[PDB]
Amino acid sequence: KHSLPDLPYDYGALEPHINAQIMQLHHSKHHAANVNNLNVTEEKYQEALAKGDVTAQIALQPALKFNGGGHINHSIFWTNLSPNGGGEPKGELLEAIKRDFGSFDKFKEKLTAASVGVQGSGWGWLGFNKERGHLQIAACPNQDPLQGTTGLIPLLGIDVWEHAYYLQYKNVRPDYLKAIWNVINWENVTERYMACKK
């Protein structure tokens, strides 16, 4: 059964880029609800699967994807942020960003654009395409998780649900995006990247 992970930092640690109330609500209410609903749905799915009830299995798919994807996504998201984050990555990850997007700044432009571009709720991602052996940017709607729906391995996610920024930035999602670069934990993104090449 799934459990809600502790953040790697206190709720106010990402101030002033992401305020404390957002972090507290986002973690203790939104991600919490994902975990609790996922446990409930998984238990129902097992019963349906055991009885061979295919209609029930299919009726449970939206809740499984939404809550299961929210747990996957939020869990990665917390680790992708740090009070000591910002700047640029180094080494092989920086080399690949240059290779695949031209420059770190071009890369930032493209993830920002993919994130700003989500109409409704969703996520922007930097992922790794294992088949092509290179980085790839992708957007996902609602809580659809990157690897389970696209096969890309997630490296850095940007939540652009309104609850991720509205209390502080209101409708101005581009101000949130500008601010979040200040808290990206490139050490974590680097670790995820290197794990794709072993």
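Quick note: we count residues from 1 along the sequence shown, nothing fancier.
Look at the C-alpha B-factors of 27 to 35 and of 46 to 54. On average they run higher in 46 to 54. Two stretches are in play, 37 to 45 and 163 to 171, and the higher mean C-alpha B-factor belongs to 37 to 45. Per the PDB record, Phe104 has a higher Cα B-factor than any other of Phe128, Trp123, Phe77, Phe104. Comparing C-alpha B-factors across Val118, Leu111, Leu93, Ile72 in the deposited entry, the largest value falls on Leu93. Residue-level temperature factors show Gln143 in the lowest third of its chain, judged at the C-alpha atom. Residue-level temperature factors show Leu177 in the middle third of its chain, judged at the C-alpha atom. When all modelled residues of the chain are sorted by CA temperature factor, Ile22 is found within the lowest third. In this PDB entry, the Cα temperature factor of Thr149 sits in the middle third of its chain's modelled residues.
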